[PDB]
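Comments concern the structure below.
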Amino acid sequence: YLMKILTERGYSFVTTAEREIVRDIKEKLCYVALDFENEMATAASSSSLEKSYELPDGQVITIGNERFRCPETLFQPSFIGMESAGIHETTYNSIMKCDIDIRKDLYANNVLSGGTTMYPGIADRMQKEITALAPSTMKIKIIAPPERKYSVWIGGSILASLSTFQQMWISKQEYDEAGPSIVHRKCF
Amino acid sequence: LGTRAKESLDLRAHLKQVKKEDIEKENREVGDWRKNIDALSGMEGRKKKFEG
């Protein structure tokens, strides 16, 4: 989507190699707006947002309100034509499907992980959205550790280092006896 | 009438004494905990949770 909206200024990236350049632009410049309409209005009047970036050959480019419009797709998947609701509302729906007595704990211990949750300013936008959706009494807290990108791998290391887990591996003789369909069995 | 009043009061007083004896007897079971706080400004553990 960023590669598609950059074409509104004149920069055309098409080759599968230039997708990497657009990815670098997204990583280094884009950020999630706290309030979308106010940012759209501000970027359309002033010019305090236009940040420039140097391509791998020169010819610097200037990104205007494409900065916070690219990652806004997360909270409004209608931008890329997807029907579903944003990541701010699928979390609330996932909570509401849970039982009525563990919703407070889930509200208080919302965890973020994965690479794409590294946008500057997402841990505040998501908290604001959920606080808008959730009942006013519950406390909404969003855990955003600085080591977000490698969180899954750190957890994997911790799990593999446990003594209690040492007998859950799928030993080779077990695979030889039941075939590849062993993974769906007790050894999950 | 005096005898009837005396016997009724004697029975009532005996029952009340039987109750009140144990009422005063084991009344310390009310001792429990209050769970105060100290702000725990001295916890500096490490990230090694493997026991869960």
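For the structure tokens, the naming scheme is as follows: chains receive sequential letters (A, B, ...) according to their order of presentation, residues are indexed from 1 within each chain, and ligands are indexed from 1 in presentation order.
In this structure, the chain A residues at most 12 Å away from chain B are residues 154, 155, 156, 157, 158, 159, 160, 161, 162, 163, 164, 165 and 166 of chain A, with only C-alpha atoms considered.
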Skip residue A:7 itself and residues of its chain fewer than 4 positions away, then list as a PyMOL selection string all residues within 12 Å of it, counting only C-alpha atoms.
chain A and resi 1-3+11-14+22+61+63+66
Apply DSSP to the structure's backbone, then extract all residues of stretch 53-170 of chain A labelled helix (DSSP H, G or I) and return them as a PyMOL selection string.
chain A and resi 66-69+71-74+87-96+103-108+115-118+122-133+151-160+164-167
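Computed from the coordinates, the atom CA of residue A:117 to atom CA of residue A:69 distance equals 15.4 Å.
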Taking 4 positions as the minimum chain separation for residues in the same chain, which residues sit within 7 Å of stretch 37-51 of chain A when counting only C-alpha atoms? Answer as a ChimeraX atom specification.
/A:33,62-65
Keeping only N, CA and C atoms, take the residues you just selected and write them out as an mmCIF file, in the first residue's frame.
```
data_model
loop_
_atom_site.group_PDB
_atom_site.id
_atom_site.type_symbol
_atom_site.label_atom_id
_atom_site.label_comp_id
_atom_site.auth_asym_id
_atom_site.auth_seq_id
_atom_site.Cartn_x
_atom_site.Cartn_y
_atom_site.Cartn_z
ATOM 1 N N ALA A 33 -0.398 7.745 13.572
ATOM 2 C CA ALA A 33 -0.939 8.978 14.108
ATOM 3 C C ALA A 33 -1.833 8.700 15.304
ATOM 4 N N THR A 62 10.630 13.283 -0.922
ATOM 5 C CA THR A 62 9.998 13.917 0.228
ATOM 6 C C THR A 62 8.629 13.299 0.456
ATOM 7 N N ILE A 63 8.448 12.689 1.620
ATOM 8 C CA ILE A 63 7.210 12.012 1.966
ATOM 9 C C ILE A 63 6.362 12.966 2.789
ATOM 10 N N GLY A 64 5.149 13.233 2.329
ATOM 11 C CA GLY A 64 4.297 14.180 3.015
ATOM 12 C C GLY A 64 3.364 13.511 4.001
ATOM 13 N N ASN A 65 2.072 13.502 3.705
ATOM 14 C CA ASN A 65 1.123 12.793 4.541
ATOM 15 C C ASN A 65 1.032 11.319 4.199
#
```
Atom CA of residue A:71 sits from atom CA of residue A:26 at a separation of 8.6 Å
